[PDB]
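# A look at the structure
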Amino acid sequence: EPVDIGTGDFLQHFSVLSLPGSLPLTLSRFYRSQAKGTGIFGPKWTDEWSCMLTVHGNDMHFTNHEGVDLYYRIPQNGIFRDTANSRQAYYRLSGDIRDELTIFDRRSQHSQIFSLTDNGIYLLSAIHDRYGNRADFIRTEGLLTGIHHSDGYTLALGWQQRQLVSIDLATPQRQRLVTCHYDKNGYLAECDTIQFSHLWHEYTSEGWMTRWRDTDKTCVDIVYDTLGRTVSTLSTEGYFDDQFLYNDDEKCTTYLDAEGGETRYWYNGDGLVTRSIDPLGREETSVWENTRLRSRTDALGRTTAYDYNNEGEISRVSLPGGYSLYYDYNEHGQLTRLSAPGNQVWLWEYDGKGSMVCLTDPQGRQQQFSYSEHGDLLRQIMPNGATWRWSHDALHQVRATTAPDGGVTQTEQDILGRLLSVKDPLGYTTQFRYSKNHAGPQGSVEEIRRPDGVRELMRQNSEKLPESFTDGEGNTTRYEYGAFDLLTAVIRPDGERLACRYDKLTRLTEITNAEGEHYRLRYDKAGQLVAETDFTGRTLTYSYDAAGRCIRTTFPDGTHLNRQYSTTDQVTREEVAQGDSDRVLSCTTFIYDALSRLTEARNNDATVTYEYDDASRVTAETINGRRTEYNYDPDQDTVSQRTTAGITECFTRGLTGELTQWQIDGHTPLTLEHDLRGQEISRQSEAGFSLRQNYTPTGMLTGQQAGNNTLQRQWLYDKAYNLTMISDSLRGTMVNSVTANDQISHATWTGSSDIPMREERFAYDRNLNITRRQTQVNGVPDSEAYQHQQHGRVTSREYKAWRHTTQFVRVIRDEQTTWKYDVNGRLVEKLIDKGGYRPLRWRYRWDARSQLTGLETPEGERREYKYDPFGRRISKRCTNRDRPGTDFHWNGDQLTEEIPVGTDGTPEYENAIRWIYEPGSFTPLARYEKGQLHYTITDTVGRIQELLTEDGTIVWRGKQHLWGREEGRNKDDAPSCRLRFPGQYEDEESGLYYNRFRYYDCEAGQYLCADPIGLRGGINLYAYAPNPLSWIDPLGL
C-alpha cells in the first residue's frame, strides 16, 4: 500500500538491518507523510530503536516503531504491573516509574526496557528475551551511538551534526552496514544498506516525499494537496499512474488506478475500512470494534467472524460453511491449544522460560523438544524415536545437524547469515565465496565450489537481483530487469532472448519467445485474467463470479467449460455447453463430505470414490468398482500395507522414512539399504536378485551392479551435469555431445568396433524444438529427416532413408509428413505422403477437455479411449475390428494395473499386469503378472531398462533412441514392458506414449495438443523437454 486511504498519507516501510543471533536484531524505517515523529534516521522516519515512553500528566504515552501512540493510566503508587492497553492488548507495561519500565510483547515473548533520561522521558535502553539474551542500547550526548549484543558483537552508530551517517558492525569484525545522507532541511535523502535496498528520497520543505528512486530504473514521483494528502503517483517508466480522491464528509476515499479502474473505500473514526467496492462493483464490508476486526463479509455474503478472550487474543474464528477454530493460550500469550473441525486438536507445552518442549498432534503423538539454557533447540525426538540433534556457532546459528541415522552435516555462516561451507555426512564439502564489485556498476559475485570440482558463478546487479549465472561448463544465462524489479528479459547461453511486457499495474501482458512470436494476456478492471492468446493465435476466454472464482472457460470452437463452487471453494460440478445453445453436452460432479473431503467423483465414463479415517488419510480408493485399500504405519503416516483384489503389499520403513523392506503375496521380501546421505546403495532378495548403486560427491547416480545375470553400468557427466557418457555391459558405450542450451547434438552408441554401430545427430531451432535428425549405421548415412515448426508445433517433415550398396548409397524411402491442427490447438490429422504410394493418414478425435477420445489408423482401424474425472485413462477399446481391449487401474497418479479385456467385453482380472510403485513415486519398483514377480532396474530418469526375475535373471532388455523410441528385441515369452519415460505408456496400435494428460510423439519430441495449464508449464506449449535424458514430465503438464 502506497497511500493510507484513511488519512491520505504516503507510506513507506523498508528493511534496514537484520543480524542473526539468539535475539535477532532487526531494524526498519517507516515513513508517513503527515507524521510528527522522529527516529534515528531523521524526521518523519520512525524505527525500532527510537521507541520511547513519555509522561503525560496521569498518562504514559508509548510510541511504537510506527509512531502510533498507546496510552496507559499511571496508578496512584506509580507502579505498573502487566498493565495492558485495549487497542493493542499484546503490549504489557510493568515497572516503577521511579525505577525503569518494561514493555512485554506477548506475540514474541521479548521485552523492551526503557530507562529515565530527562523531562519524564524514557528511552529504549535494552531489549531482551526470556532466556536473558540481551541487546543494550548506548546513548551519549542524546544520540544512540552503540549497541551491545550478548552474543558477542557490538554496533557503532556514527553521527555528524546530529545526523546518523553510519551503522557499523564494530567487534569482532569491522563492517559497514548502513550509510545515510540528508537534504538541506535534514530529511533522509539517501540510505544505502548492505543487505537490502539502496534508495534516494526527495522532499518538500514540510517533509512530504515527492520522489523516491532506486539504483537504476525505478523512480516514482508523488504529488500532494495542501493538506499533505497524496493525490497522484507516477513512475518514470509509466507504471502506477494513480490518482486519489477524498471526501471527508462521506468518509470515502476513491482510488483511480492507471488502467481505468475505480476502487472506493469507506472508513470509520479509526481510519479502518468498513466497506469497499472494487472496479467491478463487488462489495466487501467489515465490522470493527475499537481497532479489532470482529467480522468480514465478502462479495458473496460469506461472513468470517472473530471472537476474543479477556486477554485480547483471538479465541474463536467462525468460517464460512459452519466451521470454527478455537484458540487457547497460557498466561504469557503462547498458543497452547488449537481445536479444529473433525476433532483435530493440537497441544503445545512450554517450560519456565517459554520454550515449547512438547507438541501433540491430533493423533495424540508427541514430539519432544530439548533446549539449552540460552534458548537454542538442542534435540528433537520424533514419536517413532528418531532423534535430531543440533549445535550452534557463536551467533547461535546451526553449525552441525545430527540426523537420526547418525549422519552429521557441518555448515558455516558469516555474521550476515550467508552460507560459507557445507559438509555432508560423507565428508564432501561445498564452498561459497562472496565478493563485492569495487569498480563501476555496483554488484556482487557468488562463487560455488562443489566437491566434484565443479565451479559456478552467480552475479547480482545493483538491486541485489540475479544478473547472470555461469554453470560449470562456462555457459552463461543473463537476466534484465525493468522498474519495480520486473523481469523483462532472459538471455540463453546461445544469445537468444525472451522478452516480457507489463501494463501500467505491472501485470504480465506479453511474452516474446526466441522465434519472435508473442503470447498475450488481457485483464479486466479488477486484475482478473479474462483472455489469453498463445503463439498459434488460439484465444481462450475466462469468466468469474463475485468471489473471483473462474466459472467459465470459453474455447475458440464454441464450447464452454462451466464450473460451480461450494462455500469452501471446491469444484462441485463441471458442465460442457456449446454456442448459444445452453444444452449441456456432458456433466461431471464432485461430492464432498462434512469435512470438505472428496468422497465421490463421477462423469459419464467412470465413478471414483474415496474413503478416509480420523486422520483424513485415504484408506480406500475405488475406480469403477475396483477397490484398493490402504493401511498406514501408526507413527509415520506412510502406507505400510496396501491390498487390491486379495493381493497385499507390505511396506517397512526406517527412522528417516526410507524404504527398508517390501514384500508381495507371500513372495520372498525385497530388502533395501541406504547410506548416510539417504541414498539407496543396495536392494536384495534372498531368491537371488541384487542391485548395488553408487553416487557422485554431488549425489548424481553414476554406477550400477546387478548380481546372464550380470549388469555393469556407469554414468558420466560434464561440469554442467549433462549425461555425456554411458558404459553399459549389455549395450556398449554411449557418447553425447551437448549444445550451449544443454541439448544433445550428437549421440553415438558404440559396441566394440571403432566405427560407431549407430549414431544420432540433432539440430534445433530458436525454440529448442527438433528440426534435423540424421542417423548413421556403422559410419555410413542411414536416414535423414528435417521437420519444420509453425508457432511452436510440428507442421511438416521430410524423411529419407538409404541402403548401403557397392561404396555407394541409394534412396529407398522418400516421405513427407504434414500435421494439421484444429482451432483449439489439437492435432486432428497426420498425413504421410510417400512417392507414388498410397497416402497414410492418421485421424484424431477430441473432447472439450482436449483429451484424445478417438484415433483412426491409416488402415481404417478405429480405437476409443475413456477417461475418469481426473484425466486418468481407464479403458481402451477397438470399435470396428475384432481385437481385444484394455482396462486401466490407478492409485493416485500412478498407473498400477493394465487389465486385458477379451473381445466379448469381459475383463480378464486374473491376467492383470501390476506395476509396483512406492506410494507417490513414478519409478516402477517391480512387476506382478499371474503370480510371476519381476524386479525392475531403472536408469537416471527413472525408466525401466531391465526386468529381472526374483533369482536375478534378465528377461527383458530395453534399447531406445534418444527421444524415447523403444525397439529392443526380446524373446517371445519375455514379459511385456510398455512403460517408457516416467508417466508414459506406449499404445502399440499407434506408437504414441500416453502421458497422463497429453499423448507424446517420440519421433517429433512433441505432444499432440497444447499444454492444458498454459504458461504455467513453460513457454514451449507443444514440447516435451529440452534434453530427454535430464528432464522428465510424469504428467502431461
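Criteria and thresholds
- Residues numbered from 1 in each chain as written, not as in the entry; some residues may be left out.
- Heavy atoms only, no water.
- Helix = DSSP H or I, 4+ residues; strand = E, 2+ residues; numbered from the N terminus.
- Rg over C-alpha atoms; globule rule 2.2 N^0.38 Å.
- Buried < 20%, exposed > 50% of the residue type's maximum accessible area, 1.4 Å probe, protein only.
- Pairing = 2+ DSSP bridges.
- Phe/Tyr/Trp six-rings, centres within 6.5 Å; stacked < 30°, edge-to-face > 60°.
- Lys NZ or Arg CZ within 6 Å of the ring centre and 35° of its normal.
- UniProt positions renumbered as here; feature names shortened; annotations may be inferred.
- Contact = heavy atoms within 4.5 Å.
- Polar contact = N/O pair within 3.5 Å; in protein donor to acceptor, adjacent residues only side chain to side chain.
- Core = buried A, V, L, I, M, F, W, Y, C linked by side-chain atoms within 4.5 Å.
- Patch = residues over 30% accessible without salt bridge, like charges linked within 9 Å, V, L, I, M, F, W, Y side chains within 5 Å.
- Areas by Shrake-Rupley, 256 points an atom, 1.4 Å probe, with all protein chains shown as cover.
- Salt bridge = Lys/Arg side-chain N within 4 Å of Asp/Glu carboxyl O.

Its PDB record attributes the structure to X-ray crystallography, giving the resolution as 3.09 Å.

Looking at the PDB entry, one finds the protein named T6SS-associated Rhs core domain and attributed to Salmonella bongori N268-08. Per the PDB header, the title for this entry is "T6SS-linked Rhs repeat protein - Salmonella bongori Rhs-core domain extended N-terminus".

Looking only at helices and strands, the protein has zero helices and 93 strands in total. Computed over its C-alpha atoms, the radius of gyration of the protein comes to 34 Å, within 12% of the 31 Å expected for a compact globule of 1037 residues. By the burial criterion, 48% of the 1037 residues in the protein qualify as buried.

Okay, the pairing of strand β78 (residues 827–834) next. Note that strand β77 (residues 808–821) and β78 share seven bridges and pair antiparallel. Its bridge partner lying in β78, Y821 is registered against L827. Between β77 and the antiparallel strand that follows it, β78, lie five residues; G825 among them carries a positive phi value of about 80°. As paired strands, β78 and strand β79 (residues 840–846) are joined by four bridges and run antiparallel to one another. Across the sheet, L831 pairs through a bridge with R841, a residue of β79.

Scanning the model with the defined rule gives 31 aromatic pairs in all. When the centroid spacing of 6.4 Å and the interplanar angle of 45° are considered together, the rings of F590 and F870 count as tilted. In this structure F590 comes out as buried when scored by relative accessible area, which is 10%. One aromatic cluster is present, formed by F14, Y31, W45, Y187, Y203, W212, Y239, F240 and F484 through successive ring pairs. In this structure, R29 packs its charged tip against the face of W45, placed 4.6 Å from the ring centre.

If you trace the four strands from one edge of the open sheet to the other, you get β90-β91-β92-β93, paired in antiparallel fashion. What marks the edges here is a single partner per strand, and that holds for β90 (985–986) and β93 (1006–1007). Pairing analysis gives two bridges linking β90 to strand β91 (residues 993–994), with the strands arranged antiparallel. Each residue of the ladder has a partner; that of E986, found in β91, is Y993.

Judged from the three bridges that link them, strand β22 (residues 209–213) and strand β23 (residues 219–224) form a sheet pairing that is antiparallel. Looking at β23, one finds that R211 is bridged to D221. Taking the residues between adjacent antiparallel strands as the criterion, β22 and β23 are bridged by five residues. In this structure, β23 lies alongside strand β24 (residues 230–235), joined through five bridges in antiparallel fashion. If you follow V223 over to β24, its bridge partner there is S232. If you look at the hairpin formed by β23 and β24, you'll find five residues sitting between the two strands, and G228 has a positive phi there, around 85°.

To continue, consider the UniProt feature "binding site: Zn(2+)" (unreviewed entry) in the protein. Mapped onto the present numbering, the UniProt feature "binding site: Zn(2+)" (unreviewed entry) falls on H56, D59 and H61. Note on placement: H56 falls in strand β7 (residues 52–56). Under the relative-accessibility criterion, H56 is labelled partly exposed at 43%. Along the chain, the position of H61 falls in strand β8 (residues 59–63). The contacts of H61, once residues within four sequence positions are left out, are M52, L53, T54, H56, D69, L70 and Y71.

Moving on, we get to the sheet that holds strand β3 (residues 25–32). Reading across from one edge, β1-β2-β3-β6 is the order of the four strands in this open sheet, with antiparallel pairing throughout. Of all strands in the sheet, those with a lone pairing partner are β1 (3–4) and β6 (45–46), marking the two edges. Looking at chain direction, β1 and strand β2 (residues 9–19) are connected through two bridges and run antiparallel. By the bridge assignment for β2, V3 is matched with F10.

With that settled, consider the side chain of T218. The topology assignment puts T218 in the loop between β22 and β23. A relative accessible area of 3% places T218 in the buried class. Within the structure, the side chain of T218 is placed 2.7 Å from the backbone nitrogen of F484, a separation counted as a polar contact. Discounting residues that sit within four places of it in the chain, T218 has contacts with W212, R213, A483 and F484.

Glancing now at the nonpolar core. Membership of the largest hydrophobic core comes to 57 residues, with the highest contact counts inside it found for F41, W49, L155 and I167. One finds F535, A601, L992 and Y1022 within the second-largest nonpolar core, a separate group that totals 46 residues.

A cluster of nonpolar side chains, contributed by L426, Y428 and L676, occupies part of the molecular surface with about 240 Å² of accessible area. Along the polypeptide, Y428 turns up in the loop between β42 (419–423) and β43 (429–436). Relative accessible area serves as the criterion here: at 34%, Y428 is assigned to the partly exposed category.

What follows deals with the pattern of salt bridges. Within the structure shown, the criterion is met by 84 salt bridges. With a closest N to O distance of 2.3 Å, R520 and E510 form a salt bridge. Residue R520 is found in strand β51 (residues 518–523), and its partner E510 is found in strand β50 (residues 508–512); the two are separated by ten residues along the sequence. In this structure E510 comes out as buried when scored by relative accessible area, which is 6%. Put simply, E1003 and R797 hold a salt bridge, and the shortest N to O gap is 3.8 Å. Exposure remark for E1003: the relative accessible area of 39% places this residue in the partly exposed category. Residue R797 is classed as buried on the basis of its relative accessible area, which comes to 14%. Residues participating in the shared-partner salt-bridge network are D82, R92, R106, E311 and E313.

Another aspect to go through is unusual backbone geometry. In the segment running from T171 into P172, the intervening peptide bond is cis, with an omega of 0°. The topology assignment puts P172 in the loop between β18 (163–171) and β19 (175–182). At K44, a position not held by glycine, the phi torsion is positive, near 70°. Tracing the sequence through the fold places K44 in the loop between β5 (42–43) and β6.

So, about the environment of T940. Following the sequence through the fold, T940 ends up in the loop between β87 (932–938) and β88 (944–949). Overall, the relative accessible area of 29% leaves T940 in the partly exposed class. In sequence terms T940 and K866 are 74 residues apart; their C-alpha atoms lie 32 Å from each other. Beyond its immediate stretch of four places on either side in the chain, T940 contacts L701, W715, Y717, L723 and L1029.

Relative to the assigned elements, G942 resides in the loop between β87 and β88. Residue class for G942 comes out buried when judged on its relative accessible area of 10%. Expressed as a C-alpha distance, the spacing of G942 and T923, which sit 19 residues apart in the sequence, is 5.2 Å. Not counting residues within four places of it along the chain, the set of residues in contact with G942 comprises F922, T923, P924 and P982.

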